[PDB]
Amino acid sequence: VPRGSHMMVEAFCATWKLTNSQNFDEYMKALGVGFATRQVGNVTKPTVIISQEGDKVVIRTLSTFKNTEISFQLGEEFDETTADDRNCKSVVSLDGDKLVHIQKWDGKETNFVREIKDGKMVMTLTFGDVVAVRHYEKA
């Protein structure tokens, strides 16, 4: 909403390759992801391209499994079909220097907080009391 926001989004705008993942299996289980999708998801190393296109922010994920693309305005709810095939109502906002993505579906909620730390993009994924953390490096 406030000014400076697209300047802060620009810090995330790059091509990001997964370089580490911690507790993603447990997060997927808590989320309700099916066994086959967990088997693939625990091994695949996605590339995430974040860009600005107009006043739209775009997050494109490429992998050897699922490719996804979402396009949104900060703070504006949108429909999202996730890589694990959930049909959600989502909102992406800024919280200071953090890009926060909240997904709502079936009376449930999960969120992904992205931040730049030591030049890497670090994603914290939370569902209830279960948290996973994924690191990405610029390509």
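Under this definition, the rigid core comprises the largest set of C-alpha atoms superposing within 1.5 Å between the forms. All residue numbers are counted from 1 along the displayed sequence.
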Of the stretches 90-98 and 30-38, which sits farther from where it is here in 7 other deposited structures of this protein, on average over its Cα atoms, after fitting the core?
-> 30-38
On average, which has the higher Cα B-factor in the deposited entry, 87-95 or 49-57?
-> 49-57
120-128 versus 6-14 - greater average Cα B-factor per the deposited record | 6-14
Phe78, C-alpha B-factor rank within chain (lowest, middle or highest third) = middle
Lowest, middle or highest third of the chain for the C-alpha temperature factor of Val100?
-> middle
Of the three thirds of its chain by CA temperature factor, lowest, middle or highest, which one includes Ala36?
-> highest
